[PDB]
Amino acid sequence: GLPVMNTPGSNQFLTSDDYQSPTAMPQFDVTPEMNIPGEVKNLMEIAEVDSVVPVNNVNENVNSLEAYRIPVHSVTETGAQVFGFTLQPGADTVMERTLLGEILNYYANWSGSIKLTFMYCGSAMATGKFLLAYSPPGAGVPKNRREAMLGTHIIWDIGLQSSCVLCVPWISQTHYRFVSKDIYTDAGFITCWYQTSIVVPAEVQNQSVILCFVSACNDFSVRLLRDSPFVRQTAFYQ
Amino acid sequence: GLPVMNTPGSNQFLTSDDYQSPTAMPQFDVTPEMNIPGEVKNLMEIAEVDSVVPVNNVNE
Amino acid sequence: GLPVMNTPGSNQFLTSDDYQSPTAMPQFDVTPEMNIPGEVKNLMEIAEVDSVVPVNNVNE
Amino acid sequence: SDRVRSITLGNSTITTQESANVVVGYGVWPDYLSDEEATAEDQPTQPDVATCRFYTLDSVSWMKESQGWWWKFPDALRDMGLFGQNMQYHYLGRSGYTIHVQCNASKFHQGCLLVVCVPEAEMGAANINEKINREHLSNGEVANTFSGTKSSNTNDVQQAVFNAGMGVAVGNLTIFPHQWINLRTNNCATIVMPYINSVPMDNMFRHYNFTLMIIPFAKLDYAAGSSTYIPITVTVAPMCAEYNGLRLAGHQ
Amino acid sequence: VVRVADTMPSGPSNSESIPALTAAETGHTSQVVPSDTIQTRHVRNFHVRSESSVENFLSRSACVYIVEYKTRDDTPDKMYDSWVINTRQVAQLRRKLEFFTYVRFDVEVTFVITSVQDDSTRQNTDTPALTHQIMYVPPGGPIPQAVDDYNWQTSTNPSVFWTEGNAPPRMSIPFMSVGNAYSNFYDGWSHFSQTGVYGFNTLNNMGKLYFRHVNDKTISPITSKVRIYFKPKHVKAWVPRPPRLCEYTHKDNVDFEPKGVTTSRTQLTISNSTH
Amino acid sequence: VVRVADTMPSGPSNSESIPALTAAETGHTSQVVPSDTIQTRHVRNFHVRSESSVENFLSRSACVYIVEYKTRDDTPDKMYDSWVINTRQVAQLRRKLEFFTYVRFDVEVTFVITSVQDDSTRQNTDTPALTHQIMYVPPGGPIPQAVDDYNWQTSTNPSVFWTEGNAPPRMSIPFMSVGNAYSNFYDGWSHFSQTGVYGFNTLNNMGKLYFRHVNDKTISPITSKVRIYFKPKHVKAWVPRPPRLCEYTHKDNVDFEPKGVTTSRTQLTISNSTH
Amino acid sequence: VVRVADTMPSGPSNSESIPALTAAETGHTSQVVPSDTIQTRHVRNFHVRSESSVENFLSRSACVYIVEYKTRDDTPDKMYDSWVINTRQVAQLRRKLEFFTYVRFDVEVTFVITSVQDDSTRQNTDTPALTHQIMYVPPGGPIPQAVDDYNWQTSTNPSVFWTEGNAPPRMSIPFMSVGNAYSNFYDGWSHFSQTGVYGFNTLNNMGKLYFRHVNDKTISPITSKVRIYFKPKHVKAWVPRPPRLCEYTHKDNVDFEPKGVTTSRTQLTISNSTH
Amino acid sequence: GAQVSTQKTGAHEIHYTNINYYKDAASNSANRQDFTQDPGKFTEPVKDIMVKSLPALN
Amino acid sequence: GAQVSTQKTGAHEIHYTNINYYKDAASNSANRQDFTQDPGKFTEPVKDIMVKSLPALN
Amino acid sequence: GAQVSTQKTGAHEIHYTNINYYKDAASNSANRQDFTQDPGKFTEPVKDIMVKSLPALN
Ligand SMILES: CCCCCCCCCCCCC/C=C/[C@H](O)[C@H](N)CO
Ligand SMILES: CCCCCCCCCCCCC/C=C/[C@H](O)[C@H](N)CO
Ligand SMILES: CCCCCCCCCCCCC/C=C/[C@H](O)[C@H](N)CO
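Residues numbered from 1 in each chain as written, not as in the entry; some residues may be left out. Chains lettered and ligands numbered in written order. Part of a larger assembly, values for the part shown. Heavy atoms only, no water.

As recorded in the PDB header, cryo-EM is the method behind this entry, and the stated resolution is 2.9 Å.

**Student:** Now, about the overall build of chain H: what can you tell me, with residues and values included?
**Tutor:** Each helix and strand in chain H was counted, giving zero helices and two strands. Taken against the 2.2 N^0.38 rule, which gives 10 Å for 58 residues, the C-alpha radius of gyration of chain H at 21 Å runs more than 25% over that of a compact globule. Overall size of chain H, expressed as C-alpha extent along the three principal axes, is 60 × 35 × 15 Å. Burial status across chain H gives 28% buried among its 58 residues. Summed over all atoms, the accessible surface of chain H reaches about 4000 Å², with 50% contributed by carbon and sulfur. Here chain H carries 6 positive and 6 negative side-chain charges, and the mean point of each set is 4 Å from the other. (Helix = DSSP H or I, 4+ residues; strand = E, 2+ residues; numbered from the N terminus. Rg over C-alpha atoms; globule rule 2.2 N^0.38 Å. Buried < 20%, exposed > 50% of the residue type's maximum accessible area, 1.4 Å probe, protein only. Areas by Shrake-Rupley, 256 points an atom, 1.4 Å probe, with all protein chains shown as cover. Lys, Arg positive; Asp, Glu negative; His and termini not counted. Charge placed at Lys NZ, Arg CZ, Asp CG, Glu CD.)

**Student:** Residues and numbers for the overall build of chain A, please.
**Tutor:** Within chain A, the regular secondary structure consists of three helices and 14 strands. The C-alpha atoms of chain A give 24 Å as radius of gyration, which overshoots the globular expectation for 238 residues (18 Å, by more than 25%). Across its three principal directions, the C-alpha atoms of chain A cover 95 × 45 × 35 Å. For chain A, buried positions account for 68% of its 238 residues. Considering only contacts in chain A between residues 6 or more positions apart, those separated by 24 or more positions represent 80%. Approximately 7400 Å² of chain A is accessible, and the part contributed by carbon and sulfur atoms is 52%. Of note, chain A has its 13 positive side-chain charges centred 10 Å away from the centre of its 21 negative side-chain charges. (Contact = heavy atoms within 4.5 Å.)

**Student:** Describe the pairing of strand β4 (residues 131-137) of chain F, and please don't skip the residues or the numbers.
**Tutor:** Sheet faces and side chains relate simply in a regular strand, where the side chains alternate between the two faces. Residue and element names in this part refer to chain F. Judged by how many residues are buried, β4 sits mostly within the fold: seven of seven residues are covered. Of the two faces of β4, the one holding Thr-131, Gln-133, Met-135 and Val-137 and the one holding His-132, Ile-134 and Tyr-136 are both buried throughout. Relative to strand β5 (residues 159-163), β4 runs antiparallel, the two being bridged by five bridges. Counterpart to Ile-134 in the pairing with β5 is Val-160. Bridge count between β4 and strand β8 (residues 208-213): six bridges; the pairing is antiparallel. Bridged to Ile-134 within β8 is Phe-211. (Pairing = 2+ DSSP bridges.)

**Student:** Pulling in residues and values, what's your account of the site of ligand 1?
**Tutor:** All names here are of chain E. The environment of ligand 1 is formed by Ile-85, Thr-87, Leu-97, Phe-105, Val-107, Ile-134, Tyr-136, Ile-173, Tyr-182, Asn-184, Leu-209 and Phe-230. Separating an oxygen atom of ligand 1 from a side-chain N or O atom of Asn-184 is a distance of 3.1 Å. Contact with the protein chains removes 96% of the 590 Å² of surface that ligand 1 exposes when unbound. At the level of elements, β4 (100-117) and β5 (131-137) are the ones that each hand at least two residues to the shell around ligand 1. Split into classes, the residues belonging to the shell around ligand 1 amount to 10 nonpolar, two polar and no charged. (Near = heavy atom within 4 Å. Polar contact = N/O pair within 3.5 Å; in protein donor to acceptor, adjacent residues only side chain to side chain. Nonpolar A, V, L, I, M, F, W, Y, C, P; charged D, E, K, R; others polar.)

**Student:** Before we move on, could you go through the arrangement of the chains and cite the residues and values that matter?
**Tutor:** Interchain contacts are distributed over 31 pairs of chains, and the most extensive set of them lies between chains A and E. If you take every C-alpha in chain C and every C-alpha in chain F, the smallest gap between them is 12 Å, and the two do not touch. Nothing in chain E touches chain J; the tightest C-alpha to C-alpha distance between them is still 13 Å.

**Student:** Can you explain the sheet that holds β4(F)? Please cite residues and give values.
**Tutor:** All names here are of chain F. Spatially, β2-β8-β4-β5 is the arrangement adopted by the four strands of the open sheet, whose pairing is antiparallel. Looking along the sheet, the strands with just one partner apiece sit at the ends: β2 (81-84) and β5. Taking the axes of each pair of neighbouring strands and ignoring which way they run, one obtains an average angle of 15 degrees across the sheet. (Axes fitted to C-alpha atoms, helices over the stretch in contact; angles between N-to-C directions.)

**Student:** How would you summarise the site of ligand 2 if you had to cite specific residues and measurements?
**Tutor:** Residue and element names in this part refer to chain F. Around ligand 2, the structure places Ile-85, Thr-87, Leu-97, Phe-105, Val-107, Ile-134, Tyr-136, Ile-173, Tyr-182, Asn-184, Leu-209 and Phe-230. Measuring from an oxygen atom of ligand 2, one finds a side-chain N or O atom of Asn-184 at 3.1 Å. Taken by itself ligand 2 offers 590 Å² of open surface, and the protein chains cover 96% of this. Within the residue set of the shell around ligand 2, elements represented by two or more residues are β3 (100-117) and β4. The residue makeup of the shell around ligand 2, split by class, is 10 nonpolar, two polar and no charged.

**Student:** Run through the interface of chain D and chain I, naming residues and quoting values.
**Tutor:** Of the residues lining the interface, 12 residues belong to chain D; the matching set on chain I comes to nine residues. When the two sides are added together, the surface that chain D and chain I hide from each other amounts to roughly 940 Å², 54% of it contributed by carbon and sulfur. Summed over the shared surface of chain D and chain I, the result is one salt bridge. Linking D:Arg5 and I:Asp48 is a salt bridge whose minimum nitrogen-to-oxygen distance equals 3.2 Å. Run the count over chain D and chain I and you get five residue pairs in polar contact. Here the side of chain D that touches chain I gets three residues from one element, more than from any other, and that element is strand β3 (residues 22-24) of chain D. Taken together, the residues that form the side of chain D that touches chain I break down as five nonpolar, four polar and three charged. Here two bridges tie β3(D) to strand β3 (residues 46-47) of chain I, and the two strands are oriented antiparallel to one another. Within β3(I), the residue paired with D:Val23 across the bridge is I:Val46. (Buried area = accessible area lost by both parts, 1.4 Å probe. Salt bridge = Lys/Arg side-chain N within 4 Å of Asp/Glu carboxyl O.)

**Student:** Which residues make up the pattern of salt bridges, and what values do they have?
**Tutor:** Applying the stated criterion to the full structure yields 48 salt bridges over all chains. Its salt-bridge partner being F:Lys236, residue B:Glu39 comes within 2.4 Å of it at the nearest N-O pair. In this pair, B:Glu39 is assigned in strand β2 (residues 39-40) and F:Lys236 in strand β10 (residues 232-240), connecting two distinct chains. Of the residues examined, B:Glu39 reaches a relative accessible area of 23% and is grouped as partly exposed. F:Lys236 gets classed as partly exposed once you look at its relative accessible area, which sits at 23%. Residue C:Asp29 is joined to I:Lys8 by a salt bridge in which the shortest nitrogen-to-oxygen separation is 3.4 Å. Placement of C:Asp29 in the loop between β1 (4-6) and β2 (39-40) and of I:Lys8 in the loop between β1 (3-5) and β2 (16-18) is noted, with the two residues assigned to different chains. Neither C:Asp29 nor I:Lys8 differs from the other in exposure class; each is buried. What emerges from the salt-bridge pattern is a single network uniting A:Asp17, E:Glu108, E:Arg170 and E:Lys231.

**Student:** Tell me about the environment of B:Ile36, residues and numbers included.
**Tutor:** With respect to the helices, strands and loops of the structure, B:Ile36 is situated in the loop between β1 (2-4) and β2. The sequence separation of B:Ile36 and B:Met25 amounts to 11 residues, and the corresponding C-alpha distance is 27 Å.

**Student:** How would you summarise the sheet that holds strand β8 (residues 208-213) of chain G if you had to cite specific residues and measurements?
**Tutor:** All names here are of chain G. Strand order in this open sheet of four strands is β2-β8-β4-β5, and the pairing throughout is antiparallel. Strand pairing shows two members of the sheet lacking a second neighbour, β2 (81-84) and β5 (159-163), which therefore form its edges. The sheet shows a mean angle of 15 degrees between the axes of neighbouring strands, direction not considered.

**Student:** Before we move on, could you go through the interface of chain E and chain A and cite the residues and values that matter?
**Tutor:** Contacts between the two partners involve 86 residues from chain E and, on the opposite side, 97 residues from chain A. Of the roughly 8100 Å² buried where chain E meets chain A, counting both sides, 58% is carbon and sulfur surface. Considering only the side of chain E, the residues that lose the most area to chain A are E:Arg49, E:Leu268 and E:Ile270, jointly responsible for 9% of the buried surface there. Taken together, the connections running from chain E to chain A amount to six salt bridges. At the boundary of chain E with chain A, the tally comes to 31 residue pairs in polar contact. Where the side of chain E that touches chain A is concerned, the elements lending two or more residues are β1 (21-22), α1 (54-58), β2 (62-70), α2 (91-97), β4, β7 (170-173) and β11 (232-240) of chain E. Partitioning the side of chain E that touches chain A into residue classes produces 38 nonpolar, 31 polar and 17 charged.

**Student:** Go over a nonpolar patch on the surface with me, naming the residues and quoting the values.
**Tutor:** Together, A:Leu2, B:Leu2, C:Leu2, C:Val4, H:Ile19, H:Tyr21 and J:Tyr21 make up a nonpolar patch on the protein surface, roughly 650 Å² of accessible area in all. Counting through the fold element by element, A:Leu2 comes out in strand β1 (residues 2-6). When its relative accessible area of 36% is taken as the criterion, A:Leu2 is described as partly exposed. (Patch = residues over 30% accessible without salt bridge, like charges linked within 9 Å, V, L, I, M, F, W, Y side chains within 5 Å.)

**Student:** Could you give me a rundown of the packing of aromatic side chains, with the residues and numbers involved?
**Tutor:** Per the counting criterion, the structure on display carries 55 aromatic pairs over all chains. Ring centres 4.8 Å apart and planes at 65 degrees place the aromatic pair E:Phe175 and E:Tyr182 in the edge-to-face group. On the basis of relative accessible area, E:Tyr182 is assigned to the buried category, the value being 16%. Here the aromatic rings of G:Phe105 and G:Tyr182 are separated by 5.3 Å at their centres, their planes lie at 45 degrees, and the arrangement is tilted. In this pair, G:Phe105 sits in strand β3 (residues 100-117) while G:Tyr182 sits in strand β7 (residues 182-183), placing the two residues 77 residues apart along the sequence. With a relative accessible area of 9%, G:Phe105 lands in the buried category. One cation-aromatic arrangement involves E:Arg104 over E:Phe175; the distance from NZ or CZ to the ring centre is 4.4 Å. (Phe/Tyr/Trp six-rings, centres within 6.5 Å; stacked < 30°, edge-to-face > 60°. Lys NZ or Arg CZ within 6 Å of the ring centre and 35° of its normal.)

Right, here's the structure in full:
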């Protein structure tokens, strides 16, 4: 017949093969196709939906619904820290099991901006202000409100519109970070401070609750497939 | 010769194969074809004929 | 299938091969390319630079 | 302003004055089944006034220690008029819905509900190798209740808020068509929900299409002189309901 | 060739426009770009959402089960093996499929067969090459009950024969569901009186595989272990849902023990101290 | 691309037209559509009678016989084997062919050969690879009577040689009948005086196969068992007939013991009781 | 088709032009042609700088490491092996890459696997063909800790399976860096306070390979030794630098002992005597 | 000498390539795409055909 | 019956050839070059859409 | 989808054929026929260039 020569890689099985193979059931009439609402063409469509962040994961608050509640109240002087975490969507314990953290934990590189949305769930007669700061690394963690307003921040006034958006800008050396932890691609710190206190009238509760949301912007990407570090089985599922 | 690479499924026998194979009798003169009444092109032609139903299949 | 015949040199590994092989990571998005000064296209660009000659290599 | 909304379906009308918006499914508005996606061959039944109208379920009481509630929804309307009768006489049903939830307070009360509408909420069991009775997955117009901790009742759903009965993170449960009832801005939450299934028509007793879930993230809280009793009322209206395969009444 | 969105330049602003103020109570995710809050430059961005599509995310071969059978035994049931087909006994491919509720895909099936000589007194043999047979039975067909049973003839059932040392066997399989999608979750019963079994176990109904050695009784036992690899291709997927927090228990139900939402921190505010 | 018939819509009727009243005494099957009796809607139906055609129904490989022979024996007849070619010793392919009276098809023949080391005292050998020979003899040719016989030369007869471990051997065979179709049933005699043999055994006359090992006497016995797979392709079929109720007995005749028409019910009317 | 420069003819000269007088203090290499100093003829030169380009100089397969593992042991860690991927443990490919500071290339990886029967009392066996598995783990993935560990499933990780006696396994690998080039040298620290590790060890981060036998515990030990061959193709290279005089010591740093600049002569002027 | 024809796909949502390699027509693959039928010789096998609305044995 | 299409290359700096060999569409390779999306049914799933500068719940 | 280009022959005394078979550009063979160069950035890397006959530091 035709003279041919075998190259290396012959008769192997690669998991990421893209070849053609014969059908075990020839001329099989496949059932017709139906329009079903909610078709997904990209996991990045899923990752752009807001979802609630468990910021209060502190020592057995995870076995309840109290892990989602950020406690806030009237203060004595001013200018204290409300909460704080590190911008690691997939390595930080705060946004680990969040939807962006799940999809990013099926990947190894990520890139693009991140929206943080904060909903005030207190009463209609209560007022307050906050400073929602982002600080790129190189220094450490800002230790007061004076060091926190030297970076990217926003003052949020609580009124009729009940939610604010801190859109974390993509500021990086490279084009991609790593999803797991390394010293080279460190991203910064999300922190929140009292601009003014929570002033409330009489016969109204003082202590209220902030909820937090996260999603990705329209310039977001993920690059390298891997297995998620969350799957741990020992035997089969008989 | 020509560099090629073998995929999985090589050198197997599937019952529903649809390949080409050489003839054991080359240039064999097949006998002519005759019009015979009652040619079937589909078993669904057969299944559309009425046939009697044994409804009274009761104990012998 | 197609009748073919294997030549000598089949199933060997030559160090100076120039063939095609499948990717272990399909559709991998390679990072963009940046203009960096001092691109080399030939070692003969390097060999045409003057460099100092140790003529006095005499006993330590 | 756009906070006032009025919805008319049949001889029933809802007027709200502190609405937020209306979420419509995955963008798709509920319509009838076309001839290209059809499977069955006979003429369907389209009542369109005696069926497509608002039905009001039971009100539930929201204390400071309330955890959540759920309703299965082709089954909570089993005994609701000619919708339930048309469920009882036909074999194949197909409809979309409009889910409106009422909860009111004053400007001195605080709290925040999450109203989710989850397709195919196949729930877990309290004891793992045990069979769940049907009275605990659904109870009709009577709500089932989540618990704060690990529940271990017999033949019952695993009732924990932080897993939503499905084994997932409850914070990630906003991928579904949802709204919030925040008591400082909102009064109600309207969700238009189309027909979602793997088959064009289905039986409305053997299958559970979706599950409404109302879970309070921010707990209810008020002062020592305010009103204590705060109800939560769910109202549902089928949309574009049609029926196929008429036979005698029953489910067995 | 579909790029991500460019970053457009902006300047100072002072007006009644409020992109950062919104209302998340309407179920709406805000479309806020970083050029709406801070001053940004012009960035021509060339990134492509390529390796995150539903085709590239699922189309990877995954081990679904291990099948073990021998070549000579005292009992005839240990000389052949069978497997009711599901994708829900290995947690990786199960959790990758359970991002969605309904799916529609063709399957690409690859078998990897290895044989090990069992421990015996007469290990010094010269065994000719073992040949294996993998028969697929569509739901309802007759079942072989021995290795020498006459139901192994494969007159109509699909089959594949593999000699030891070749490439792994591979065949393609079309979309085989009686409905319009493989239903990953079924919230419902099997009987119309709402009894029976609860879950997706009513809608499996995919058939089952069978494994034996085409060779006869050998004079020394050899244990074959064949691994089945599914590859979902030609993928469509609908109505997404959150990933599972909890560890699985069984294949037939969805039941669990409750798990905490995430890992604890033991504090709530970061600092430049030991964090 | 041939679809099934669409279902057309209908309304109420009151007239002297009677589609449901007919007469089955004329040998006529009524062409009644469901839109003739009840009110139907418009259904655009996309089903295709594709996997029910006579080509797709018969063109599947089926085991027709098992052939056994050895490599060293005391008697020379057990070192080779022969088979007179028919399709009527396995009931599945026989019952699939006997839907029709006459057929016309090309054949695709595949052999699957396996060897097993027989039990002996000297099993510790090192056997080189066995090579098998399958010779087809057209009707009338000379017959080999030993493994070393000189009629195994295959100067004119078709043959195939297979080394152990390769793919199964496959060759194509044209339509070989002296008439215009393979007669599945022959109602008639062999002699003109209406004696002799009665049935299709006069019209078989297809030749016969022969099997041996090309290797010589080995120092240990090995039993080869080769399985013949026919595949009817390029199929035409005429004058259908009902399937066989009764179990077969022999290959040469059509005889049987009488069998009941179907399974009994023990009652005649259904109910909501234990039925 | 790019030739070298032709040699042009010249004659006598007497003028104020000075091609031979220049100044090397400006960092400038003089462009003096032999037709500027002496009388030359016309030479039509057909030489091509073809086998000196950066593509032809680097695109050769080079052994980067040897990996050893066994098939039965008392300790489970000697039945499998692992290798953190670098190009800096063999001096030939390292010194060929370190002509430049930054490089950008696709990789072509070839494995050469050989097995040797270890010394034991029961060497008289009959071992079926060994099958090897090479799993690549991108940085961050889970690590197998035994040969029977369930992390060898390769649902998402790239893998390759090789049966003994075939061609060597070969796959292609794209440019995998998070920056714009593989940095051969990194002058800097890992921590922002200028502590940690100093050198290119921060920027390796390429993943690591894993090696085992797909077969189970055999009844005699066999030592496999697999050799990894990298081939850099599609090559771009920037900012060259002098070759290394000194012998290497380690893979992680660049440290050395001082070496003399060249070989000594013991005299400084040549002669027709014993030189 | 190549022939291009459509593949068996589903409805509501191809073009393989075939070259024959042997000198005989008995070597060709199976003709698995002939989907035509005519049940007019098994159903309706009568003289003086029936019009399905008439009493037909009127 | 060949089809020519571009390869996945990087930016700032092709044309493979494919022929289908089997009669069925379930034998074809994976469609790994469909990069389109539409998150308008998951984000922004509302009636009376919002204009991102208005108070929107004004 | 074939590409024809000349072979490496000697002077004073061809046309191979290449078809790419894989969907990725990292599978292609080595580009061993780019023979261009520019030593103007390593030799002559100066401002106010020199004219080789002038004293040049005159
Ligand atoms: C021997 C040749 C045929 C080989 C048969 C192997 C597998 C046959 C079944 C096709 C695979 C379908 C697997 C299940 C698909 C879906 O994921 C599940 N139904 C749940 O979604
Ligand atoms: C060794 C190479 C040639 C292999 C010869 C094998 C078989 C030769 C005979 C052709 C097969 C015809 C089998 C019988 C066909 C019809 O079904 C029967 N006559 C009854 O219908
Ligand atoms: C099992 C299939 C995949 C095989 C994986 C083998 C190697 C994977 C890594 C790609 C090779 C990159 C090697 C290093 C390249 C550069 O020279 C270094 N970063 C330093 O320049």
